[PDB]
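For reference, the structure is listed below as structure tokens.
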Amino acid sequence: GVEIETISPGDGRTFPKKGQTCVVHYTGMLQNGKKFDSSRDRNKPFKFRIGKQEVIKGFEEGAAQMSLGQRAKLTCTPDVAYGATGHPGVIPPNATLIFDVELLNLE
């Protein structure tokens, strides 16, 4: 389950493909909670590739459903990233994660 609410401006066609190192200014958020992880804070806009399962499935499936310039809004289900496990100190178990994802990518 990936619920995408794209803020419209972009190009609508430059989709991430397999092995494409793509760039996302992500900004994390917890449902009824604050931020937990931000490439905007680091100003290091997370050059990641598609097809290696580096990112979680809630963040990976949201990337291919966007295009260049688009600004979507992830609502990541718990069971795809940390629902039973939970990260120690960052992500609790059974958290519905929120992301400000804008696909301003490369390749």
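Every number in this text was worked out from the coordinates using simple rules, so none of it is lab data. Ideal geometry is used to build each Cβ from the backbone, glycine not excepted, and the neighbour counts take in all protein chains shown.
Brief remarks on what is shown
- Counting 0.36 nm for each residue step from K18 to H87 and taking away their Cα separation leaves a gain of 22.1 nm.
- Taking a point 7 Å out from the Cα of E61 in the direction of its Cβ, the residues of region 8-44 whose backbone N falls within less than 17 Å of it are 16.
- Estimated [θ] at 222 nm from DSSP helical runs (n ≥ 4, -39500 (n - 2.57)) normalised by residues in the chain, nearest 500: -3000 deg cm²/dmol
- In this calculation the C-beta distance from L104 to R42 is compared with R0 = 22 Å, giving a FRET efficiency of 0.90.
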